[PDB]
There are 2 protein chains.
Amino acid sequence: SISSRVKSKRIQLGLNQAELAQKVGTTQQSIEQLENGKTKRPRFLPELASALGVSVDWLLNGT
Amino acid sequence: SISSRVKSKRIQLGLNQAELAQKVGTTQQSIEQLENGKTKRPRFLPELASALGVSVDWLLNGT
DNA sequence: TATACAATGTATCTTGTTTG
DNA sequence: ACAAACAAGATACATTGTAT
């Protein structure tokens, strides 16, 4: 799940929702709504996936 | 722009906004604003790149 | 026909505050 | 005071219905 997936990778690169959230150009909370399943298709999905080193598809449909 | 690239890459596929909206899993209306600059980052962007047989970056930055 | 316009609803974003 | 969450008010995008 896109929340499990973004959380697990974030922890992995060893970042925190605020730092990730700078990399993504977004905010902590925005990164939070995401990770806590409060959003599904955020505007920065593309830019999130690139901060995470994965693909917008893997992110979406775990692949 | 993305509105621009969506138009052409659909124009050359013989799909109408409506039957493109059909593959993309969306309305014609939704395909119209995008192509017509009414929306920047559509949420069906992943499936779109997939109906236009391109990559989300190409669509996005045209690069 | 095929595309566009318009309003209303809903997702997501923002900023402020909050609890661990 | 550090890090993750809650919550109201704002905009961007979607949906529906209609019209060029």
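In what follows, chains are A, B, ... by sequence order, proteins preceding strands, each numbered from 1.
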key: Whole-Å distance separating the CG atom of B/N36 from the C1' atom of C/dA2   = 12 Å

query = Quick one: B/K40 NZ to C/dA11 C1', roughly how many Å, whole number?
reply = 18 Å

request  = Tell me which residues in residues 8-17 of chain A put a heavy atom below 4.0 Å from DNA chain D, sorted by number, or none.
outcome  = A/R10, A/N16, A/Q17

task = Check whether any side-chain N or O of B/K38 sits under 4.0 Å from OP1 or OP2 of C/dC5, and answer yes or no.
result = yes

task = For DNA chain D, just give me the dot-bracket, please: Watson-Crick or G-U, both distances below 3.5 Å, ( ) intra-strand, [ ] crossing earlier pairs, | paired with another strand, . unpaired.
result = .|||||||||||||||||||

ask   = For the atom pair CG (B/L34) and CZ (B/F44), what is the distance rounded to the nearest 0.5 Å?
value = 5.0 Å

key: Any donor-acceptor N or O pair under 3.5 Å, side chains A/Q17, A/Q28   = yes

Could you tabulate the donor-acceptor pairs under 3.5 Å formed by side-chain atoms of residues 51-62 of chain A, not counting sequence neighbours?
residue	atom	partner	partner atom	Å
A/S55	OG	A/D57	N	3.3
A/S55	OG	A/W58	N	3.2

Interface residues of residues 48-63 of chain B with DNA chain D (non-hydrogen, below 4.0 angstrom) = none

remark   = NZ of A/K40 to OG of A/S1, rounded to nearest 0.5 Å, is 10.5 Å

request  = Say whether B/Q33 and B/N36, considering side chains only, have a donor N or O and an acceptor N or O under 3.5 Å apart.
outcome  = no

ask   = Can you check the B/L45 CG to D/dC13 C1' distance for me, whole Å?
value = 13 Å

key: Separation between CD1 of B/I2 and CZ of B/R41, rounded to the nearest 0.5 Å   = 7.0 Å

query = Hey, what do you get for OG (B/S3) to CD (B/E35), rounding to the nearest 0.5 Å?
reply = 8.5 Å

request  = Could you go through the salt bridge (charged side-chain N to carboxylate O under 4.0 Å, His left out) check for B/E47 and B/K23 one step at a time?
outcome  = CA-CA 8 Å; B/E47 301 102 338; B/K23 356 226 346 261; over 6 Å; no

task = Give a yes or no on this: more than 12 heavy atoms of other residues, nucleotides or ligands lie within 6.0 Å of atom NZ of B/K38.
result = yes

inquiry  = Do A/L13 and A/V24 land in one hydrophobic cluster if side-chain heavy atoms of ILVMFWY residues count as linked below 4.5 Å?
reply    = yes

task = Go through the structure and list residues passing side-chain hydrogen bond (donor to acceptor under 3.5 Å, both in side chains) with B/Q22, not counting sequence neighbours.
result = none

Separation of A/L48 CG from A/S30 OG (nearest 0.5 Å) = 11.0 Å

NZ-CG distance between A/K7 and A/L20, expressed to the nearest 0.5 angstrom = 11.5 Å

inquiry  = I'd like to compare against my own output: the B/S/- annotation of nucleotides 15-20 of chain D with a strict under-4.0 Å heavy-atom distance to protein.
reply    = BBB---

